[PDB]
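This report refers to the structure that appears directly beneath it.
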Amino acid sequence: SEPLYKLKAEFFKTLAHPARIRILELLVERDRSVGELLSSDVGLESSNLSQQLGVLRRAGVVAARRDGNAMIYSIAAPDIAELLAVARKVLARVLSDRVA
Amino acid sequence: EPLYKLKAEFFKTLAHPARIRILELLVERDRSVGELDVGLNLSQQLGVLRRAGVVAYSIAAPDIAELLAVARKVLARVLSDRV
């Protein structure tokens, strides 16, 4: 279609990964460092973890900061936490009506 | 985990320029099969949104309206900062 609509589709495609969703859920809960994310239920190696975090960083969904020999990651702006909140709200309704 | 496998399929369904325009046309007003900028194969893409639970043809629930609203708000901030 249009190039603008290609960016809208590529935006949702960036979130269509199980590992990337769990990273966002942990960052919405509280600020996580690379070691805390590496020791989480995401189950990715340090190299795979940096690759997925790099995709979310260039997409403007996560932000990184150095606090002393470490990189603390967090969600960029509160609108990301609002996006995931409404996303799971819609997913909870479609799954409830699909089972019932 | 099958739970997060379903969360990815929710965003993967909406990751299509044709399906996004269908949702944007249905969130403004009820559209018919004849009225449906998409430029479409149309019965195949429209059937996926019906099975996903977002298309009734009209909008399923008002939660989809605020979903596209916060999605455009987030994306507008990203483009205003990534460019």
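We name chains A, B, ... following the order of the structure tokens; residues begin at 1 in each chain, and ligands are numbered from 1 as shown.
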### Message
I need the contact residues of chain B against chain A, so if you could list those with any atom within 10 Å, counting only C-alpha atoms, and return them as a PyMOL selection string, that would help.
### Response
chain B and resi 1-21+37-40+51-54+60-64+66-75+77-79+81-82
Spatial neighbours of residue 28 of chain A, 8 Å, only C-alpha atoms, chain gap at least 3 places, as a tab-separated table (two decimals) with N, CA and C atoms, in the first residue's frame:
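Saved file result_7.tsv follows:
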chain	number	residue	atom	x	y	z
A	24	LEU	N	9.25	-6.05	27.15
A	24	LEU	CA	8.48	-4.84	27.39
A	24	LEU	C	7.67	-4.95	28.68
A	25	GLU	N	7.12	-6.14	28.96
A	25	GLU	CA	6.34	-6.32	30.18
A	25	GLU	C	7.21	-6.13	31.42
A	31	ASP	N	12.29	-0.57	35.95
A	31	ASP	CA	13.48	-0.43	35.13
A	31	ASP	C	14.38	-1.64	35.33
A	74	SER	N	14.69	0.95	30.06
A	74	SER	CA	13.36	1.31	30.51
A	74	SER	C	12.52	1.66	29.29
A	75	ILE	N	11.20	1.68	29.50
A	75	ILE	CA	10.30	2.05	28.42
A	75	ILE	C	10.44	3.53	28.11
A	81	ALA	N	3.51	1.85	28.02
A	81	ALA	CA	2.75	1.09	29.01
A	81	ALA	C	1.25	1.17	28.75
### Task
Please provide as an MDAnalysis selection string all residues within 12 Å of residue 65 of chain A, with the sequence filter that same-chain residues fewer than 2 positions apart are discarded (counting only C-alpha atoms).
chainID A and resid 31:34 57 62:63 67:76
### Message
I'd like to know which residues of chain B are alpha helix (DSSP H) (by DSSP, run on the backbone); could you write them as a PyMOL selection string?
### Response
chain B and resi 2-13+17-28+42-52+63-82
